[PDB]
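**Q** A single structure is presented below for examination.
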Amino acid sequence: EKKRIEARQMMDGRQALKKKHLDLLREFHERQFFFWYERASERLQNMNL
Amino acid sequence: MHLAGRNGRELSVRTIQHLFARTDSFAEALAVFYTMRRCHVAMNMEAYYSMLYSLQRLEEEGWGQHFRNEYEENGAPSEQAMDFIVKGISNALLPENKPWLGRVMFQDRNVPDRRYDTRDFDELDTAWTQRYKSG
Amino acid sequence: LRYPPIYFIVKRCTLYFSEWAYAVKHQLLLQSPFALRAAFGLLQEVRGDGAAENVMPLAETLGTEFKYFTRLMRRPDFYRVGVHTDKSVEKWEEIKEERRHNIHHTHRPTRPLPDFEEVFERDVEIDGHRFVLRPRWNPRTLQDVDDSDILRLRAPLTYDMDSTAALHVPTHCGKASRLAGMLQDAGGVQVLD
Amino acid sequence: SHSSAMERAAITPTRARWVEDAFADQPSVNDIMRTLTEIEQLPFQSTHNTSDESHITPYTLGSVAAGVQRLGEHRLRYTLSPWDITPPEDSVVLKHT
Amino acid sequence: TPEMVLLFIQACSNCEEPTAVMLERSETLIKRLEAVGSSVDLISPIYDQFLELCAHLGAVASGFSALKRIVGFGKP
Amino acid sequence: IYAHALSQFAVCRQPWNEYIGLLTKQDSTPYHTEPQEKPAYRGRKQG
Amino acid sequence: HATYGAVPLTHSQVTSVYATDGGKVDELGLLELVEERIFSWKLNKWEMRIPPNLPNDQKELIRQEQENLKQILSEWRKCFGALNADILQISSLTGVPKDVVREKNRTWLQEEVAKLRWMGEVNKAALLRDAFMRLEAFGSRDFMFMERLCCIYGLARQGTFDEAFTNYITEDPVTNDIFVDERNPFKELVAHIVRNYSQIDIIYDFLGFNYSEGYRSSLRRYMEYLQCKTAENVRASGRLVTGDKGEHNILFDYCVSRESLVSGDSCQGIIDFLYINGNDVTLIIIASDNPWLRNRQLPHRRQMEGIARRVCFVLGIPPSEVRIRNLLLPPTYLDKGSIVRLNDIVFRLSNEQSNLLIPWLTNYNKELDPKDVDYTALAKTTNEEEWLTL
Amino acid sequence: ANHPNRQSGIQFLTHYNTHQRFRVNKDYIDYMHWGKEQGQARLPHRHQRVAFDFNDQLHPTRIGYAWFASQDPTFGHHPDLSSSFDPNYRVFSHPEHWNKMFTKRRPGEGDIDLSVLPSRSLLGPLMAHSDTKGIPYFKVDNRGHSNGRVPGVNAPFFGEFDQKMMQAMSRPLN
Amino acid sequence: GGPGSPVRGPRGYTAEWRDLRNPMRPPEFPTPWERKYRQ
Amino acid sequence: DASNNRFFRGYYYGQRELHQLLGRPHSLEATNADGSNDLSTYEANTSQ
Amino acid sequence: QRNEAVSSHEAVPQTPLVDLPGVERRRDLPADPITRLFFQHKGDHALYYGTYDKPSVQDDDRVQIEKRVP
Amino acid sequence: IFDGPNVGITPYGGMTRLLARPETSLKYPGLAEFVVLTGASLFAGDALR
Amino acid sequence: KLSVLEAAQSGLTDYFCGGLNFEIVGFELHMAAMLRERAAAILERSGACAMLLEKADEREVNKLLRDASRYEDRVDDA
Amino acid sequence: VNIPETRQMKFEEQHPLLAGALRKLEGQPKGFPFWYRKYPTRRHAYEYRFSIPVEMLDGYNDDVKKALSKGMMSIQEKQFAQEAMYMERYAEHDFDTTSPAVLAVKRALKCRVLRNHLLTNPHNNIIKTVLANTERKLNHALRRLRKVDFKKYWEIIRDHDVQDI
C-alpha cells in the first residue's frame with residue numbers, strides 16, 4: 001500500500017508535467033505562427049505589387 | 001518615432017511596455033501598433049507579448065468596473081465576483097495562474113498590465129541612480 | 001539636469017599608501033569590533049613571545065581556537081547578525097518576498113527567519129567613513145567594548161563558566177568512538193557523593 | 001617554466017613594507033587604529049606615501065562592441081538603417097522585383 | 001438543423017401553457033446546438049422566436065441574457 | 001555589500017596559457033608547417 | 001456486537017443518544033478506567049464491530065477507521081504498561097505510595113537516590129533514577145488528552161462498542177466476593193465528552209482521524225463559527241459567508257485543492273479559502289500530499305499582485321494599503337502551531353477571547369511529525385527548468 | 001565472412017537496431033570513398049561512435065569566452081565546445097544517394113537525391129531574405145537548452161576544468 | 001531453517017526499553033567477565 | 001505465487017500475459033521481479 | 001550495530017529535533033559539463049525521466065543507442 | 001581565506017599557528033595580525049613565499 | 001601509494017573546502033537560544049537543568065533545557 | 001472543403017474582445033494577428049494555400065485572393081486539406097495527432113486516395129503493397145479504438161453504412 005501511494009503520487013506528478021509540456025508546445029506553436037505572419041506578410045506585399 | 005529612427009536610437013523594451021500600458025482602449029492600442037509599424041520598427045515577440053498583455057488587462061479592467069457596479073448597487077460582493085477575483089479573466093490569453101507562458105529570454109514580462117503613474121515609472125530610475133551612487 | 005547624464009567608473013591603475021590604509025581602516029570598521037579584539041587576543045596568545053619554542057603546537061593551537069570559538073558563539077552577535085551577512089542579493093530578495101507573502105514563516109515559524117533591517121543598519125557615519133550598509137553588531141564601535149570580557153575569554157576553559165569540556169584533538173581522534181567500550185571494560189562509572 | 005612574476009601573490013614587497021609599517025609590533029587594536037588614522041592624512045606628495053602597481057578588478061564585459069551588443073538585447077531594432085530611413089530626394093516608384 | 005431548432009422553438013412558443021419545462025428545454029437545445037455552430041447568420045429568427053417565447057412566459061432575465069449574447073455575437 | 005573592501009585589493013589570476021604558448025620552444029620553426037597526413041589502418045587485408 | 005439494525009452514528013445523533021447529565025464527572029478517572037478495560041480486552045473483541053448492512057464502498061472506509069483506532073489503542077497500550085511498570089518499580093524501591101509517585105519532585109528524587117547510594121544499593125539507586133527520569137518525561141495524566149478523548153469519541157461514533165463495557169464478572173481480591181458489574185464507564189465518559197467538548201468533532205477531524213475527505217469541511221465550519229463569533233451580522237450563501245457591515249468581513253470557499261490539483265488544468269495558484277478582513281486578504285491553502293505538486297501549490301508573485309489588483313478593483317479598497325498574505329496548512333492534520341497562527345494573523349482574534357471561544361486550545365498540544373516537518377520547505381526552481389521540473 | 005555483401009562485419013559498437021551491419025538498412029557503407037579519417041569504411045563515423053580510446057577526444061558539446069571570465073583570462077575557447085556539431089549528420093554515400101546501377105553507368109545519368117547535402121545555390125539566401133531579423137532576434141524558442149542549467153553553456157563556469165573523465169566517472173563512498 | 005522454511009513473521013517508550021542500560025553505567029550484576037572476551 | 005515460487009516468475013508466458021491483461025507497463029528487464037515496470041492505473045488509484 | 005546501539009542508548013527516549021529544510025538529500029554525483037559522455041541529470045527531474053522503451057529527449061548532442069530487435 | 005572576525009567569530013582551523021610561526025613573523029612582520037584582523041586571503045604565491 | 005584529496009565541483013562552485021556550515025550552525029544556535037529564552041520566561045512566570053515546585057512547569061522547563069542542550073551538543077559535535 | 005463553423009463559434013465564445021475586434025475590422029487591413037488562437041497549427045488553416053488564414057487576406061486585391069483560393073490548390077494540397085478537415089473533427093484537442101480516432105480517419109482517407117489512384121493506374125505494385133500496409137495499420141488503429149470508446153464508432157462507422165469493417 002505504501003509503495004502504491006508513492007507510485008500514485010509519481011504518476012500524478014508525471015501527468016502534471018505532461019500537461020505543462022502540452023501548454024509549452026502550445027506557446028511554441030503560437031510563437032512560430034507569430035513569426036510566420038511577420039515573414040509571410042512581406043511576401044504577400046511583394047505579391048500585391 | 002520618425003525622428004528617433006532617423007537619429008538611430010533604439011526604443012527600449014521597458015519604454016515600449018509602459019507605452020502600451022498607458023493605453024485606454026483597444027482601438028487606441030491598435031493605432032499605436034500601426035504607428036509603430038509605420039515608423040519602420042521590426043516587431044519582436046516582446047512587443048507582441050506587450051500587446052497581448054494590454055488586451056488582457058483592458059478586458060480585466062472592464063470586468064472589474066462591471067463587478068464594481070454590482071457591488072456598489074447591492075452592498076455585498078457576489079459569488080461570480082469572488083470567483084473572478086480569484087481566477088482572473090475566464091480563459092484569458094497568457095493566463096496569470098501559469099507564469100510559464102509570458103516569458104521572453106526566460107524572463108517574465110508582466111509590466112504592461114497595470115496602470116502606471118508619473119511616479120511608478122520614475123521609481124525604477126531613481127532606484128538605479130541610488131544603486132549607482134551607493135554601490 | 002540641464003543635459004543628459006552619462007555614467008563612468010574611475011579605476012586607478014596604481015594605489016597609494018594612504019588609499020591602502022583607508023581601505024584597511026574601512027574593512028576594520030565594517031567588521032565586528034568585539035570579534036577583532038578576540039581575534040587579536042587569540043593571535044597573541046598563540047604566538048606568545050615569538051620564539052620557535054613558545055609557539056603552541058598544532059594540538060594546543062586547535063584547543064585555544066576551539067576555546068575562543070565556544071566562548072564567542074554563545075553571544076547573540078554571532079548567530080543573530082553575523083551568520084546572515086554572507087547571503088547573496090538573490091537570497092535576501094527571496095527572504096523578503098517570503099516574509100512579505102507568508103504567514104506561517106513570520107508569526108510563529110518553526111524555522112527562524114532572518115530580518116534584513118534587524119541585522120543591517122543603513123547609511124551610518126563612523127569617523128569620516130560612510131557605510132551604505134553595515135551589519136548591526138551589538139558593540140557598535142571599538143570604544144564600546146570591555147577589557148574584562150577579553151580577560152575572561154583569554155582565561156582557561158572551565159566547565160563552570162560555559163559548560164563545555166576541554167578539547168584534546170589527538171585523543172578525540174583516537175578514543176572518541178571507543179570511550180563507551182573502554183568504560184564498560186573498566187566496569188562503569190563510580191558515583192561518589 | 002616558472003617566473004616570480006607569474007605566481008599569484010598578494011604580498012608584493014611594497015605591500016609587505018606597508019604591512020610591516022602599519023601592523024608590526026603594535027600590541028593593541030586601538031594603537032593599530034591610531035596608526036591607520038595617522039597614515040590617512042599622508043599627502044600624495046609625501047615620500048613615505050609610496051605607490052604600488054594596483055591590480056585592476058576585471059570589468060564585467062571587457063569590450064565596447066560587446067557592451068553595445070548586450071545593451072541591444074533590451075531594444076527594438078529598426079528594419080532600416082538610420083541613413084536609409086529617410087526618403088530619398090529623387091522620386092522612386094515601387095514595383096515588383 | 002437550424003430549421004429543426006427554429007421549428008421546435010416556434011412550436012413551444014406559439015403553443016399553450018409553456019410554463020416551465022419548455023423554457024429549460026429551449027435553453028439546453030440552444031446551448032447544445034450553438035456549440036456545433038450550425039447556424040451563424042440564420043439564427044436571428046431563432047433568437048427572435050426565443051425572445052417571443054420569453055415574452056409569453058414573462059421572464060426578463062433570460063431574455064436580457066439572450067439579447068446580450070446575440071449583440072455580443074454581432075446580430076443587430 | 002561586504003565585497004566593497006575586498007575589491008580594493010582586486011588580486012586576480014595571472015595568465016598561464018599565454019605564458020606557456022609564448023615561452024621559448026625547443027622545437028620552433030621560423031615558418032609554421034602543417035604536418036603531413038600519417039598512414040592509417042585501412043583494413044585487415046590491406047594493412 | 002454489530003447485529004442487525006446497528007448504524008454508525010454521526011455527530012448530530014451521538015450527542016442526542018448520549019444526553020445524560022452528571023453533576024460531577026471524573027474526567028481523567030473515567031478515561032483511565034475505560035483505557036484499562038480496553039487493555040484487558042482481547043484481540044477478538046474487535047471482530048463483530050462493522051455494522052452488517054452497508055455498501056462496501058463505505059464499508060471499506062468504516063473498516064479502515066476501526067483498524068486505525070485499534071492500532072492506535074494497541075500502540076498506546078504498551079506505553080501505558082511500561083509507564084505503570086516504572087511506577088510500580090519506583091514504589092517498590094522507595095516505599096512511597098503509588099498514587100503519589102506520579103507527582104514527585106526532582107528534589108525528592110535527589111534525596112531518595114542519595115539515601116540509596118548511602119545504603120550501598122548503587123544498582124537500585126541508578127534504576128530508580130532512570131525510572132523517575134522517564135516517569136517525569138511521560139508522566140502526565142493528560143499526556144495526550146485530546147488524542148485519548150478523540151479515540152474514545154471515535155469508538156463511540158462507531159456505535160458498536162457501547163454495550164461492551166457491561167455485564168462484566170469481577171471479584172474483589174480482598175473480599176474474594178464475585179459479582180457481575182453492570183456499570184458502563186463508556187456511557188458516562190462519552191456523555192461528559194458531548195456535554196463539555198461541543199466541537200469534539202472538529203478536534204477529531206483536526207487530529208487527522210477523518211480519513212474520508214476530512215479536515216476540510218471541519219476547517220470550513222470552524223472558520224465560519226469563528227467569523228460568526230467575532231462578528232454580529234452574517235449572510236451565508238453557499239460558498240460565500242459575508243458580513244453586511246461596512247468592514248469587509250468576507251469568507252470564500254473557492255474549491256478543494258486535493259481534487260482540483262489532480263483533475264486537470266495544471267496551475268500554480270490553486271487555493272482553498274479566501275478571507276478578507278476589510279484591510280488584509282489571506283489565502284489559506286491546505287498543502288497537497290503529493291510532494292511534486294506541493295512545490296506548485298503556492299501561488300506565484302505575479303498572481304499575488306493580480307489578486308491584490310482585482311481586490312482593489314472590486315471591493316473598492318485603496319491599493320495604497322492592501323496586505324495580501326498566504327497561509328499553508330498541513331495536509332493530513334492540523335497542529336497547534338498552525339492553529340495559533342490562524343487565530344492570530346488571519347483574524348483579529350486576541351488572546352483574551354481566544355481561550356474564551358476555544359476552551360480546548362490549552363489542551364491542544366499536537367506537533368508536526370518528522371515526516372511532516374518539511375511540508376512548507378519548497379525548493380526553488382530556476383526559470384530555465386520549466387520543461388524539466390515543476 | 002568471405003561472402004560478398006557481408007564485408008560490413010559483425011560490429012556491435014554501432015548504434016543501429018541490429019548488430020549485423022550488413023543486415024541493417026539505415027546507413028549503407030561507401031567503401032570507395034569512406035574511411036578518410038576513421039580508418040576502414042565499415043567502422044562508424046567520428047560523429048557516430050560509442051567507443052572511445054584513452055588518447056582520443058570525446059564528442060564535443062554543442063553550444064549553439066563569455067562564461068570563462070572567472071577562469072584564466074588567456075584561456076581560449078575550450079576545445080571540447082563546438083558551435084556546429086550534429087550527431088546524426090548524414091554523409092554523402094554513392095551507393096545510397098548517387099545510384100547508377102539501373103542505367104548503363106554513363107557520366108550523365110544516375111538517381112540522385114539532394115536532401116543529403118545542404119544546398120550551395122545562391123537561390124537559397126535570396127529567396128530566404130527578409131527585411132525582418134532572424135530567429136535569434138525574434139526569440140521564438142522557449143525550450144532553450146535541453147538540460148535545465150549547464151555551467152559551461154547556460155550559466156557562468158566556476159571551479160576547475162576536468163578534461164579527462166575523473167570526477168565524472170567515480171563511485172560515492174558515503 | 002533457510003529461506004525455504006516457512007516465514008517466521010514480524011508516542012513513548014516500550015517495555016523492552018526499560019531493561020536496556022548504557023554500558024557506561026555500572027552493570028546491575030558485577031559478573032567478573034574476562035577483558036579479552038569482553039572485547 | 002510469484003512472491004515465493006521461481007516457476008511463477010516466468011516472464012514471457014507466466015507473467016507477460018497477466019501484465020497485458022491487467023494493464024501494467026511490462027518490460028523484459030523490469031524493475032519488479034514479476035516483470036512489471038510499474039503498477040497499473042487501477043492499482044495506483046485504488047486501495048486493496 | 002547492536003554494540004553501537006547499546007553504546008548510544010539513553011535512559012530517556014529522546015525525540016527528534018527540527019533541522020534545516022534539507023541536509024538529507026542524495027547529492028548528485030559529480031560530472032564535468034564540458035567534457036562528458038552524457039549530462040549528469042539531477043534527481044529532481046524524476047517526472048521528466050522516462051523509461052528504457054520510450055526514453056525522453058535528453059543528451060541530444062550524442063547519438064542514441066537503438067534497442068536490438070529480432 | 002580565514003575571514004573570521006567579519007562573521008562575528010574568531011578564526012578557526014589552525015592556520016593561526018602557521019601565521020604565528022617565527023618564520024612568518026620574520027619574513028613578513030605584521031602579516032599575521034593583518035590576516036587575522038582584516039580577513040585577507042593568502043594565495044598560492046603567498047604560501048610559497 | 002598516494003592518497004590524493006580534492007574537490008569535485010561540476011562548475012557550480014569554485015571552493016575547494018569551505019568551513020563548517022555557518023548557516024546550519026547559526027540556525028541551531030538560534031533554536032537553542034529561543035528554547036532557553038522561552039524556558040527562562042516560563043521559569044520566571046512560575047517563580048512569580050532547573051527544579052521547580054510545580055510539577056508541570058518543572059517538566060516543561062526541563063524539556064526545553066534538554067532540547068537546547070541537545071542543540072549545543074550538536075554544535076560541539078560539529 | 002470548408003472549415004466547420006463550430007471553430008468560429010468557439011473562438012467568439014472564448015475571446016469576446018478579439019472576436020468583436022475582427023468583426024469591426026472586417027474589410028480593413030490588419031497589422032496584428034488576432035486569429036492566432038483561432039489557428040493554433042498550420043494544418044488548421046486549409047481554406048487557402050500555404051496555411052494562409054482567411055482573415056489575413058483582407059487588405060489585398062481580389063486577384064491575390066483568387067490566386068490563394070481553393071481553386072488553385074494542387075491535388076496533394078486538396079488531399080491534405082480534406083485530411084486536416086476530417087482530423088480536426090475527431091481530435092480530442094488541437095494537437096491531438098496520436099489518438100486512434102485521428103490515426104484511423106487519416107489512414108482511411110489515405111486508403112481511399114490510394115484506391116482511387118490504383119483504379120486509375122493499377123500497374124504500381126509499390127502502391128498495392130503500401131495500400132495493404134496502410135489498411136493493416138488502419139485495422140490496428142480501429143481495433144485499439146474499439147476498447148477505449150464505441151460512441152465514436154457509432155458516430156464514424158455510419159459513413160456509407162459500412163458496419164462490416
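Each chain in the C-alpha cells gets a letter, A, B and so on, in the order shown; residues start at 1 in every chain, and ligands are counted from 1 in the order they appear.
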Quick one: residues within 12 Å of residue 21 in chain F, only C-alpha atoms, excluding same-chain residues fewer than 3 positions away - as a short mmCIF file (atom, residue, chain, number, x, y, z; two decimals) with N, CA and C atoms, in the first residue's frame?
**A**
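File written: around-v6.cif
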data_model
loop_
_atom_site.label_atom_id
_atom_site.label_comp_id
_atom_site.auth_asym_id
_atom_site.auth_seq_id
_atom_site.Cartn_x
_atom_site.Cartn_y
_atom_site.Cartn_z
N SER D 1 60.26 26.74 -16.08
CA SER D 1 58.98 27.22 -16.62
C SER D 1 58.12 27.84 -15.52
N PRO F 15 47.69 35.27 -16.34
CA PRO F 15 47.61 34.33 -17.46
C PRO F 15 48.67 33.24 -17.36
N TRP F 16 48.30 32.04 -17.78
CA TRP F 16 49.24 30.92 -17.84
C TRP F 16 49.29 30.26 -19.20
N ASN F 17 48.15 30.14 -19.89
CA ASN F 17 48.16 29.58 -21.24
C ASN F 17 48.98 30.46 -22.18
N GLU F 18 48.85 31.78 -22.05
CA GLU F 18 49.65 32.69 -22.86
C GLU F 18 51.14 32.52 -22.56
N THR F 24 59.93 30.24 -24.75
CA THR F 24 60.80 29.69 -25.78
C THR F 24 60.58 28.19 -25.94
N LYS F 25 60.44 27.75 -27.18
CA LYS F 25 60.18 26.36 -27.51
C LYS F 25 61.44 25.73 -28.09
N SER F 28 61.00 25.04 -32.50
CA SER F 28 60.28 26.14 -33.13
C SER F 28 60.88 26.39 -34.50
N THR H 74 43.45 34.27 -20.23
CA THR H 74 44.07 33.92 -21.50
C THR H 74 43.59 32.58 -22.04
N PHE H 75 42.78 31.84 -21.29
CA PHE H 75 42.27 30.56 -21.77
C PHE H 75 41.32 30.80 -22.94
N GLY H 76 41.68 30.29 -24.11
CA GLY H 76 40.86 30.46 -25.29
C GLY H 76 39.61 29.61 -25.25
#
**Q** Taking the DSSP secondary structure from the backbone, can you list the residues of range 10-57 of chain M that are helix (DSSP H, G or I), as a PyMOL selection string?
**A** chain M and resi 22-47+55-57
**Q** Write down, as a list in words, each residue of chain H that has any atom within 12 Å of an atom of chain B, counting only C-alpha atoms.
**A** residues 130, 131, 132, 133, 134, 135, 136, 137, 138, 139, 140, 141, 142, 143, 144, 145, 148, 149 and 154 of chain H
**Q** Restricting the output to N, CA and C atoms, write the selected residues as a PDB file, in the first residue's frame.
**A**
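out_18.pdb written:
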ATOM      1  N   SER H 130      14.797  38.335 -45.836  1.00  0.00           N
ATOM      2  CA  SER H 130      13.662  39.036 -45.257  1.00  0.00           C
ATOM      3  C   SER H 130      14.127  40.336 -44.623  1.00  0.00           C
ATOM      4  N   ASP H 131      13.272  41.359 -44.695  1.00  0.00           N
ATOM      5  CA  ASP H 131      13.589  42.632 -44.057  1.00  0.00           C
ATOM      6  C   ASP H 131      13.676  42.482 -42.544  1.00  0.00           C
ATOM      7  N   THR H 132      12.763  41.715 -41.955  1.00  0.00           N
ATOM      8  CA  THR H 132      12.804  41.472 -40.523  1.00  0.00           C
ATOM      9  C   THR H 132      13.981  40.567 -40.175  1.00  0.00           C
ATOM     10  N   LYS H 133      14.402  40.641 -38.917  1.00  0.00           N
ATOM     11  CA  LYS H 133      15.575  39.905 -38.478  1.00  0.00           C
ATOM     12  C   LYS H 133      15.247  38.418 -38.347  1.00  0.00           C
ATOM     13  N   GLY H 134      16.227  37.650 -37.875  1.00  0.00           N
ATOM     14  CA  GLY H 134      16.135  36.208 -37.862  1.00  0.00           C
ATOM     15  C   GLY H 134      15.520  35.652 -36.591  1.00  0.00           C
ATOM     16  N   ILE H 135      15.593  34.322 -36.480  1.00  0.00           N
ATOM     17  CA  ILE H 135      15.047  33.637 -35.308  1.00  0.00           C
ATOM     18  C   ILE H 135      15.716  34.075 -34.010  1.00  0.00           C
ATOM     19  N   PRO H 136      17.050  34.194 -33.922  1.00  0.00           N
ATOM     20  CA  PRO H 136      17.638  34.639 -32.646  1.00  0.00           C
ATOM     21  C   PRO H 136      17.125  35.990 -32.181  1.00  0.00           C
ATOM     22  N   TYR H 137      16.856  36.913 -33.105  1.00  0.00           N
ATOM     23  CA  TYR H 137      16.280  38.194 -32.712  1.00  0.00           C
ATOM     24  C   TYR H 137      14.804  38.064 -32.360  1.00  0.00           C
ATOM     25  N   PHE H 138      14.048  37.283 -33.135  1.00  0.00           N
ATOM     26  CA  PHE H 138      12.610  37.199 -32.904  1.00  0.00           C
ATOM     27  C   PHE H 138      12.269  36.411 -31.647  1.00  0.00           C
ATOM     28  N   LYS H 139      13.180  35.560 -31.175  1.00  0.00           N
ATOM     29  CA  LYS H 139      13.028  34.827 -29.917  1.00  0.00           C
ATOM     30  C   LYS H 139      11.759  33.972 -29.920  1.00  0.00           C
ATOM     31  N   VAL H 140      11.717  33.022 -30.858  1.00  0.00           N
ATOM     32  CA  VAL H 140      10.587  32.110 -30.981  1.00  0.00           C
ATOM     33  C   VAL H 140      10.823  30.791 -30.262  1.00  0.00           C
ATOM     34  N   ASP H 141      11.987  30.608 -29.649  1.00  0.00           N
ATOM     35  CA  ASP H 141      12.327  29.365 -28.971  1.00  0.00           C
ATOM     36  C   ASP H 141      12.161  29.543 -27.468  1.00  0.00           C
ATOM     37  N   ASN H 142      11.358  28.670 -26.857  1.00  0.00           N
ATOM     38  CA  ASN H 142      11.117  28.715 -25.423  1.00  0.00           C
ATOM     39  C   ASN H 142      11.799  27.596 -24.652  1.00  0.00           C
ATOM     40  N   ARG H 143      12.164  26.496 -25.314  1.00  0.00           N
ATOM     41  CA  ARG H 143      12.850  25.413 -24.617  1.00  0.00           C
ATOM     42  C   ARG H 143      14.261  25.816 -24.212  1.00  0.00           C
ATOM     43  N   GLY H 144      14.975  26.518 -25.088  1.00  0.00           N
ATOM     44  CA  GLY H 144      16.380  26.779 -24.827  1.00  0.00           C
ATOM     45  C   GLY H 144      17.178  25.492 -24.880  1.00  0.00           C
ATOM     46  N   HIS H 145      18.154  25.375 -23.986  1.00  0.00           N
ATOM     47  CA  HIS H 145      18.944  24.155 -23.910  1.00  0.00           C
ATOM     48  C   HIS H 145      18.097  23.011 -23.363  1.00  0.00           C
ATOM     49  N   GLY H 148      18.471  21.703 -18.060  1.00  0.00           N
ATOM     50  CA  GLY H 148      17.973  22.903 -17.404  1.00  0.00           C
ATOM     51  C   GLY H 148      19.025  23.986 -17.265  1.00  0.00           C
ATOM     52  N   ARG H 149      20.171  23.643 -16.682  1.00  0.00           N
ATOM     53  CA  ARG H 149      21.229  24.611 -16.421  1.00  0.00           C
ATOM     54  C   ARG H 149      22.573  23.936 -16.621  1.00  0.00           C
ATOM     55  N   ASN H 154      24.893  27.550 -20.276  1.00  0.00           N
ATOM     56  CA  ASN H 154      23.827  28.445 -19.835  1.00  0.00           C
ATOM     57  C   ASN H 154      24.326  29.436 -18.790  1.00  0.00           C
TER      58      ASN H 154
END
**Q** Counting only C-alpha atoms, which residues of chain K fall within 10 Å of range 17-33 of chain J, and what is the closest atom pair for each with its distance in Å at one decimal, ordered by chain and rising number, as JSON lines?
**A**
{"residue": "K:51", "atom": "CA", "partner": "J:27", "partner_atom": "CA", "distance": 9.9}
{"residue": "K:52", "atom": "CA", "partner": "J:27", "partner_atom": "CA", "distance": 8.8}
{"residue": "K:53", "atom": "CA", "partner": "J:27", "partner_atom": "CA", "distance": 8.0}
**Q** Could the residues in this selection be saved with N, CA, C and O atoms as a PDB file, in the first residue's frame?
**A**
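To be explicit, this is the file written out as again16.pdb:
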ATOM      1  N   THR K  51      11.481   5.990 -19.659  1.00  0.00           N
ATOM      2  CA  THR K  51      11.785   4.581 -19.472  1.00  0.00           C
ATOM      3  C   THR K  51      12.688   4.111 -20.602  1.00  0.00           C
ATOM      4  O   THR K  51      12.930   4.829 -21.575  1.00  0.00           O
ATOM      5  N   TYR K  52      13.189   2.882 -20.461  1.00  0.00           N
ATOM      6  CA  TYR K  52      14.094   2.327 -21.463  1.00  0.00           C
ATOM      7  C   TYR K  52      13.411   2.201 -22.818  1.00  0.00           C
ATOM      8  O   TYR K  52      14.001   2.532 -23.852  1.00  0.00           O
ATOM      9  N   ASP K  53      12.164   1.726 -22.833  1.00  0.00           N
ATOM     10  CA  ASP K  53      11.465   1.523 -24.097  1.00  0.00           C
ATOM     11  C   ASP K  53      11.117   2.847 -24.766  1.00  0.00           C
ATOM     12  O   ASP K  53      11.208   2.968 -25.994  1.00  0.00           O
TER      13      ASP K  53
END
**Q** Per residue of chain I within 7 Å of chain G, which atom pair is closest and at what distance in Å (one decimal), using only C-alpha atoms, listed by chain and increasing number, as JSON lines?
**A**
{"residue": "I:12", "atom": "CA", "partner": "G:79", "partner_atom": "CA", "distance": 5.9}
{"residue": "I:13", "atom": "CA", "partner": "G:79", "partner_atom": "CA", "distance": 5.8}
{"residue": "I:14", "atom": "CA", "partner": "G:79", "partner_atom": "CA", "distance": 5.5}
{"residue": "I:15", "atom": "CA", "partner": "G:82", "partner_atom": "CA", "distance": 5.0}
{"residue": "I:28", "atom": "CA", "partner": "G:123", "partner_atom": "CA", "distance": 5.4}
**Q** Any idea what the distance is between CA of residue 19 in chain F and CA of residue 82 in chain H?
**A** 24.9 Å
**Q** Which chain C residues are at most 8 Å from chain M (counting only C-alpha atoms), as a PDB file with N, CA and C atoms, in the first residue's frame?
**A**
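File produced: result.pdb:
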ATOM      1  N   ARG C  74      28.337  31.762  21.924  1.00  0.00           N
ATOM      2  CA  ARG C  74      27.173  31.961  22.781  1.00  0.00           C
ATOM      3  C   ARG C  74      26.610  33.368  22.648  1.00  0.00           C
ATOM      4  N   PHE C  78      26.888  36.574  17.090  1.00  0.00           N
ATOM      5  CA  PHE C  78      27.282  35.590  16.088  1.00  0.00           C
ATOM      6  C   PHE C  78      26.075  35.025  15.346  1.00  0.00           C
ATOM      7  N   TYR C  79      25.162  34.377  16.070  1.00  0.00           N
ATOM      8  CA  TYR C  79      24.100  33.610  15.432  1.00  0.00           C
ATOM      9  C   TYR C  79      22.884  34.443  15.042  1.00  0.00           C
ATOM     10  N   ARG C  80      22.814  35.709  15.448  1.00  0.00           N
ATOM     11  CA  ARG C  80      21.691  36.565  15.087  1.00  0.00           C
ATOM     12  C   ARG C  80      22.003  37.496  13.927  1.00  0.00           C
ATOM     13  N   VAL C  83      26.019  35.506  11.035  1.00  0.00           N
ATOM     14  CA  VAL C  83      25.870  34.404  10.091  1.00  0.00           C
ATOM     15  C   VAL C  83      25.029  34.786   8.881  1.00  0.00           C
ATOM     16  N   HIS C  84      24.239  35.851   8.969  1.00  0.00           N
ATOM     17  CA  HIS C  84      23.367  36.259   7.877  1.00  0.00           C
ATOM     18  C   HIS C  84      24.001  37.289   6.952  1.00  0.00           C
ATOM     19  N   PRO C 112      13.613  29.605  12.321  1.00  0.00           N
ATOM     20  CA  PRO C 112      13.866  31.042  12.472  1.00  0.00           C
ATOM     21  C   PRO C 112      14.130  31.707  11.130  1.00  0.00           C
TER      22      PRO C 112
END
**Q** Mind giving me the straight-line distance from CA of residue 38 in chain E to CA of residue 62 in chain N in Å, one decimal?
**A**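 Atom-to-atom, CA of residue 38 in chain E to CA of residue 62 in chain N, that is 28.0 Å.
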**Q** Show which residues sit within 10 Å of residue 33 in chain L, as a count of residues only. Count only C-alpha atoms, and ignore same-chain residues fewer than 4 positions away.
**A** 21
**Q** At a cut-off of 12 Å, which residues of chain B touch chain C? Count only C-alpha atoms and give the answer as number ranges by chain.
**A** B: 128-135
**Q** Which residues, written as a PyMOL selection string, have at least one atom at most 8 Å from residue 35 in chain C, with only C-alpha atoms counted and residues fewer than 3 positions away on the same chain left out?
**A** (chain C and resi 31-32+38-39) or (chain L and resi 4-6+8-10)
**Q** How close does chain K get to chain H? List, as a tab-separated table, each residue of chain K within 10 Å, its nearest atom pair and the distance in Å to one decimal, counting only C-alpha atoms.
**A**
residue	atom	partner	partner_atom	distance
K:27	CA	H:172	CA	9.8
K:28	CA	H:172	CA	9.9
K:29	CA	H:172	CA	7.4
K:30	CA	H:168	CA	5.4
K:31	CA	H:168	CA	3.7
K:32	CA	H:168	CA	5.8
K:33	CA	H:152	CA	6.1
K:34	CA	H:152	CA	6.1
K:35	CA	H:163	CA	6.0
K:36	CA	H:165	CA	7.2
K:37	CA	H:59	CA	7.2
K:38	CA	H:168	CA	9.5
K:39	CA	H:147	CA	7.9
K:40	CA	H:168	CA	8.3
K:41	CA	H:147	CA	7.7
K:42	CA	H:148	CA	9.6
K:45	CA	H:148	CA	9.6
K:57	CA	H:146	CA	7.7
K:58	CA	H:146	CA	6.3
K:59	CA	H:146	CA	7.5
K:60	CA	H:146	CA	7.6
K:61	CA	H:87	CA	6.0
K:62	CA	H:87	CA	5.4
K:63	CA	H:87	CA	5.5
K:64	CA	H:15	CA	6.6
K:65	CA	H:15	CA	4.7
K:66	CA	H:17	CA	5.1
K:67	CA	H:17	CA	5.7
K:68	CA	H:17	CA	4.9
K:69	CA	H:17	CA	6.4
K:70	CA	H:18	CA	7.9
